[PDB]
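# Descriptive structure summary
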Protein chains: 8
Amino acid sequence: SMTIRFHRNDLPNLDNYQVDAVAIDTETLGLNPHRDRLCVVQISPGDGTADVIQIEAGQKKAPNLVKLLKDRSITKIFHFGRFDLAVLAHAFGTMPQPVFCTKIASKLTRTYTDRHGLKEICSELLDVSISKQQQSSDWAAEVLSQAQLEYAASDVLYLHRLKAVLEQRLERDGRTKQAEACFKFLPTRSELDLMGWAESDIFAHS
Amino acid sequence: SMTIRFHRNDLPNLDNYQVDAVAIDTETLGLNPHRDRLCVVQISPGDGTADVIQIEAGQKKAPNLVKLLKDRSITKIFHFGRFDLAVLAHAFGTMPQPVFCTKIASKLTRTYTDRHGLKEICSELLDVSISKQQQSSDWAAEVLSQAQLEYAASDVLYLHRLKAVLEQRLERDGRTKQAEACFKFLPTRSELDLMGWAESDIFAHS
Amino acid sequence: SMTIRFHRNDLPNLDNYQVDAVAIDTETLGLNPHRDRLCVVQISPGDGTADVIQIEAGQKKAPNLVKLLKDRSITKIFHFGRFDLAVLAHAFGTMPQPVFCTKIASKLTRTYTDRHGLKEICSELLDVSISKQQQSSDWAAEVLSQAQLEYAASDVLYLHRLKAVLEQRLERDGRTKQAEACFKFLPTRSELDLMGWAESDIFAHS
Amino acid sequence: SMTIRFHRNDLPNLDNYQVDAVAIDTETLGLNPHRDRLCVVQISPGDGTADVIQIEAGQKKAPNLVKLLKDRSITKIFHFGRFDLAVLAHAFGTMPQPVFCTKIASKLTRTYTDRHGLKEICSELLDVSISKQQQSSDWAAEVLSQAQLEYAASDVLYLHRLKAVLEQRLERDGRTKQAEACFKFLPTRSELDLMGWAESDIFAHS
Amino acid sequence: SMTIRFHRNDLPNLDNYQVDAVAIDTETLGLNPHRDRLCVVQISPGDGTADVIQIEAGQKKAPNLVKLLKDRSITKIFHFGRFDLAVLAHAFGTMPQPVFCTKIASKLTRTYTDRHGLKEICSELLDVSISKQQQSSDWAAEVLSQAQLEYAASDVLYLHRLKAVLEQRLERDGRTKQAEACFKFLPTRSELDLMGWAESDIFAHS
Amino acid sequence: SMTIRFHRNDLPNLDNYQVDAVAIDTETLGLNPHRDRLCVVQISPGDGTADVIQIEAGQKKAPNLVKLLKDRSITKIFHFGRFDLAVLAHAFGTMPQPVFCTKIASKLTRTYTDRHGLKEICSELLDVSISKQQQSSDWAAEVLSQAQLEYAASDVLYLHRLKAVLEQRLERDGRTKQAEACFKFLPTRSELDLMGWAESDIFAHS
Amino acid sequence: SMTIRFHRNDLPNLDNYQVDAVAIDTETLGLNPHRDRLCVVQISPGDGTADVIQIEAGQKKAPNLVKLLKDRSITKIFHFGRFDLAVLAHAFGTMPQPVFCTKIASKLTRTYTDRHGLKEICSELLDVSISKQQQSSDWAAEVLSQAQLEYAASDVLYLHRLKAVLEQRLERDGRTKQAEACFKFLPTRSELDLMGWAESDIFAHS
Amino acid sequence: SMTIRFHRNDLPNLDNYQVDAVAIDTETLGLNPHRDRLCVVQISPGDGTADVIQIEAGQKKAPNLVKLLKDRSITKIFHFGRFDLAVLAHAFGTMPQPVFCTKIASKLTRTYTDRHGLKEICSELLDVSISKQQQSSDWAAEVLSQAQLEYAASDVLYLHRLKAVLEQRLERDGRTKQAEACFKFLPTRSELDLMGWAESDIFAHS
Ligand SMILES: [Mg+2]
Ligand SMILES: [Mg+2]
Ligand SMILES: [Mg+2]
Ligand SMILES: [Mg+2]
Ligand SMILES: [Mg+2]
Ligand SMILES: [Mg+2]
Ligand SMILES: [Mg+2]
Ligand SMILES: [Mg+2]
Ligand SMILES: [Mg+2]
Ligand SMILES: [Mg+2]
Ligand SMILES: [Mg+2]
Ligand SMILES: [Mg+2]
Ligand SMILES: [Mg+2]
Ligand SMILES: [Mg+2]
Ligand SMILES: [Mg+2]
Ligand SMILES: [Mg+2]
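Residues numbered from 1 in each chain as written, not as in the entry; some residues may be left out. Chains lettered and ligands numbered in written order. Heavy atoms only, no water. Residues with missing side-chain atoms left out of burial classes, pairs and counts.

We now examine the sheet that holds strand 5 (residues 75–78) of chain F. Residues and elements named next belong to chain F. Read across the sheet, six strands follow the order 1-4-3-2-5-6 without closing on themselves; strand pairing throughout is mixed. If you trace the sheet from one side to the other, it starts and ends with strand 1 (4–8) and strand 6 (99–101), each paired once. Averaged over all pairs of adjacent strands, the angle between their axes in this sheet comes to 25°, without regard to strand direction. Pairing analysis gives four bridges linking strand 3 (residues 38–44) to strand 4 (residues 50–54), with the strands arranged antiparallel. Among the inter-strand pairings, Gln42 is bridged to a residue of strand 4, identified as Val52. Together, strand 2 (21–28), strand 3, strand 5 and strand 6 form the strand contacts of helix 2 (residues 81–92), whose direction differs from that of strand 2 by roughly 80°. Helix 3 (residues 102–109) rests against strand 5 and strand 6 of the sheet, and its axis sits at about 50° to strand 6. (Pairing = 2+ DSSP bridges. Helix = DSSP H or I, 4+ residues; strand = E, 2+ residues; numbered from the N terminus. Axes fitted to C-alpha atoms, helices over the stretch in contact; angles between N-to-C directions. Contact = heavy atoms within 4.5 Å.)

Turning our attention to the side chain of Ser106(D). All names here are of chain D. Within the element layout of this structure, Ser106 appears in helix 3 (residues 102–109). When its relative accessible area of 0% is taken as the criterion, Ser106 is described as buried. In this view, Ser106 contacts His116, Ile121 and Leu166; residues no more than four positions away in its chain are not counted. (Buried < 20%, exposed > 50% of the residue type's maximum accessible area, 1.4 Å probe, protein only.)

What follows covers the coordination of the magnesium ion (ligand 8). All names here are of chain D. For the magnesium ion (ligand 8), the full set of protein donor atoms is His79 (O) and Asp84 (OD), and the range of their distances to it is 2.5 to 2.6 Å. The metal-metal distance between the magnesium ion (ligand 8) and the magnesium ion (ligand 7) is 5.1 Å. An identical accessibility class is assigned to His79 and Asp84; each is buried. (Donors = N, O, S within 2.8 Å, 3.2 Å for Na, K, Ca; no water.)

If you look at the interface, chain G gives ten residues, while chain D gives eleven residues. For the pair chain G and chain D, the summed buried area comes to about 870 Å², and 40% of that belongs to carbon and sulfur atoms. Across the chain G-chain D interface, the total number found is two salt bridges. Put simply, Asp138(D) and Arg172(G) hold a salt bridge, and the shortest N to O gap is 2.8 Å. There are six residue pairs in polar contact connecting chain G and chain D. Elements with a minimum of two residues in the side of chain G that touches chain D: helix 4 (118–126) and helix 6 (159–173) of chain G. In terms of residue class, the side of chain G that touches chain D is made up of one nonpolar, three polar and six charged. (Buried area = accessible area lost by both parts, 1.4 Å probe. Salt bridge = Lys/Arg side-chain N within 4 Å of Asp/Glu carboxyl O. Polar contact = N/O pair within 3.5 Å; in protein donor to acceptor, adjacent residues only side chain to side chain. Nonpolar A, V, L, I, M, F, W, Y, C, P; charged D, E, K, R; others polar.)

Take a look at the structure:
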């Protein structure tokens, strides 16, 4: 479709990615990065379109995508980047930075709710309804459905708008500096997950 | 005693504190910084002596101590600095930095135990036995006992040795960079505690 | 509308409030009064209308509303006043009294259920259906919607009727005196919450 | 002994009780006042002696003791009066008042510990060691041992000293007014226990 | 209606009750028999009709109903008689016996489910759909609704049919003798509840 | 129907069972094999038809079915065979082997979900919707309904297709060898359940 | 010794057992009667001596002991008979009756404690100290130690004294009738354990 | 000492290992094999001596030890081999087999206890007291203490005796075949741990 570009292995070029921030999500075979391989990277330059990239089993390189991940002048926007950063670093050897996490930003601004999922915050903050996938998907399937492409694109099509609103909220309630420190630490939080502390709050007393 | 110097309100001067790192702990009326005032600051320059400073109710200033807290060329060593940093920032208005936390360092090196208390790690890493206070203390008492001064000093007399050993262990098992990122974030972790997130892991999914 | 009067900062006058009891609720940025500011005070004199007052960030005074809060000849009716009393005292410096809490009264009369929410008790006791707000609201928004005004007004439009029925039930089952003692203590319960005991039943054994 | 006077049913007179406050504890057959009868009332006028009164099965009256319970000019001191007030009111028909509870006072002053038992607070606040009874006692036995009399007396011999110290601590940390409101409510808390709410915090949200 | 006869205080006579078994349920102000008075007794002779008896506050006698409760030649059928037996014994001073409990019988026969409620077992065993009351009822109300009468009657209109089917199932799977021993003990189980063991399995190890 | 053949006690012959694998499920009176007898065995040769065999109370033999269970050249396919293997071994004295368990295979392949029920995996892997039985069934009833026969047949009509897809997934993600070792152990796991370890993970540390 | 007579398989005669009550305990290979065989029966006629009977693997008969178990004129005293009754009935085919259980009697009299073990109640009620076995024993060993014989005898040497005291306590606090009903039901409680309800309180609501 | 031979990296030869079974344990930096490297392998040929082998950081080969691990004619005895098998396979690339696990064997024989630790079973089954290490050890230390060597040797010096006794117990209580099936599966259980199922019972329903 005009909204969703599908690719195998990597972006074909970075012509669409002369931007200051990109929105990223991933699909995997599950929540254990050492067991469950990366299957899809979905990314948007913020212009209302998305690229959905199918990652092959055993794929070690994605040079164009990795250029964006390494580029320190490009902010990588995630919703709950803690997981995606670990998966991406594990897959391609580069820990993306710098980052903005809309879920951390939601936790620091939407102090009246415990519901910080992407669907909930898109409805509340953007008046955008994204459909939640009900049946679980084998994202390692050789052929991905158009339904799967649409779900994957919906994860990134709105993160730039979400970041814009959450930055306003962070400034309004006075927590911009703390959010930024969380974003600076988040790559280390993901590293510690890969290293063996996925189940531990390193800052907890016990 | 020759090991422990007692002071009211503040250090009398910084003649003893021409150092690159200081060891710090505090005593309070309890674990809620908004309710439970700061009562004692104990600090050591690492030379085998300690200063124990009695903090008065309503005391808003401690200029000599605060000079050390603000001095970015002086590393402040804590065991579980997350709490002390919040108490100190709440009391005097300065968030101390930069910091080294021996409890975070223990969690990242002593991967074979869940026991990361100061007494346990001093015994294991330093062959130093520190006596644990058994009965709970009113640290807001007008007169502090010599026993209380000794307990307070024991909290800081060994942190320089502990940091030396833990830095070696961090380098041996390859986690120096992650530890340093945790130390950079820790002042924000303490800020978030004071701001209302004391009971939340900001990096958790839910 | 004729049912709902909107105001900024404060009631314009007390012409509508020559009454023996007022019904009050609040909206905030969340459940932590030290973190989450007061955003809305909604109040009804019991005549089938409601005033919805938008409270600005940093607002320290609301003189007309505070006159009602201080007036010991005016009973302040809440549903779960424990929270609202703490928020109001924190915002404006006056602990409202005397009070009647329809949730405490429900607990002492509706001994056949664990459901003591306002919607449930309005349906059962008054045959009045109030719509529950489904999506969470940013009550600190510069502009409040008419939907938000209606939700806020629904919190206070029926508390006088509810108190009338609950007083009858308290007398029928013989617990008026105990309810009144609870209402006398409730301002202290809210004070203790602000002081640091929000998570503790002060009367519990342990 | 000179410290402990034993009585059957009631105090023989109130010659020893021309005082402004009395210290009281009880022994029962267990923690359920409707099932487990009152067996012993122990009381001290604060002069370093104690009266231990054996209560018979089915005993409905204790006129001299009840005169003290009703006397509003005499403060009844308990450690955790919530239970004793319910037992006494159930046994003799009078809810004692006014009261001072050293356990509530401890909770409001000893903010650095979760240990608020009588033995712990006597050691810490009074430097008085009271022996804890290790084996459980049948307090309904026809004959009480001297050991049992000593345990019962130890419960009341020090409450006046404890109240003196805790009043100083309440004033030092600024919570005298809140403590007094708790003491005023406590008789109602005990009434609500007898009425069927022993397992419910009436002030809880849910 | 022809199915439901309403009475105040007691059955007018026992002309309808020349039977070998009666079906009984009750309504109360809640689940604590010492606090929550008996409000309704509903009873059926098994002929497809039901008597619904409104019990007044403070009512100590119901002579015709109590004749049935005491009559050892008449089996009293309950669904979960453990509660009703305690309420009835508390209200009128007679522990009904002998009894049959369809819930105990269900537990001993319907070994393939954890759902032993009356609605579930009537649907499964009788192909009879009884409507569950959704909103909670004040059964102490001076005036009971026809809806309330129908709910109360539905509790007893089918227990004879249920007992017939459950007796067949008990015989089929070989547990008639154990069921009968449970029914013989059940009045004592209800007595122990009234005596103070409502929260304890007396046969448990600990 | 042409899809479902009903039998009493046993298959009439094995003309339909000249196959390399059979799909099997059972129905019982509940989840405790020592208490809850086998009531139904449902089996399919994989050709789109199913045999539903009613097992009588006290039935000790089913010679034709047991020939299939013992035949080591015939793989017995189950969904969660752990339970069925114990029930079958308990009923007829033969532990079926070798086996394939689609639930173990699902756990080893569908690493992105915790939902491993037959309905869920048939929908996801086969695009086959099987209706879940909502009301609980007495499977020991003398007469089984056509609805019950259809539910029982649905348990086995698709297991050959499910095994085909799961074998492909096991090979794709590299866990065929581990799955096969689990299938070899499963008969012992069921034996240990019958022997008294039904509630213990024998491989757990503690 | 003169206190302990050892036997293989059975009592040699009943010359010592012309009594109205016997005290009984057992030893097994564990707490699951279907898995863990009976190994020892220890029994006392109440005269200060005990018989310890070693039960062989596969032993189906113990005629002299079983005569006592069946004899309805002989009360069988246990501490927690619920388990021993199931083990004995499983081993020899006779459910012993009538019974007295000192643990049920303790629960109904010692309302001031949750500690109802034999050692605790012997110390408190009899002033008799019995040594608890610290290391776990293989009671199926071909040769039992004298230490094991002494432990086994200590289980029964004092139950007659314990029953005497507990009967007095039951009469004093008015619960003799309820205790007797519990003793009448206990054989059924043990039957239900053997039948498959060992983990269920049959009288519970859910 | 004559009992303990220390080696760096590997056994110097297999002259001592012309045996049918070897006893093995390991020491690591913690319980996560992907994070916590192998530090020590301790092994005994069953002759009352032990070899303690220090494993270097990054060591990928131990050819003589690995010859024993691969040798299918040599049974590898562990206490809780589930962990050691994963650590050894992760370190050197060979999954040891066949195996005997004394902890699984204990679980299948010592049905009267939940205590299956090596110290407990050595005391009970062998009358051998092994000292438990109290303080936690850094097993990655460049220099291991003689105390550490003795602890490590104590883990393997008695496993042959333990296996001898447990085989007798397995035969006595009839579970040899089930134990052997568990031992055959255990290498797969350890593989599944390394693959990502360390926290899941693969045989559980859910
Ligand atoms: Mg996604
Ligand atoms: Mg994401
Ligand atoms: Mg300290
Ligand atoms: Mg500290
Ligand atoms: Mg509101
Ligand atoms: Mg409210
Ligand atoms: Mg006492
Ligand atoms: Mg007391
Ligand atoms: Mg009912
Ligand atoms: Mg009922
Ligand atoms: Mg089935
Ligand atoms: Mg199945
Ligand atoms: Mg025993
Ligand atoms: Mg016993
Ligand atoms: Mg070891
Ligand atoms: Mg081991």
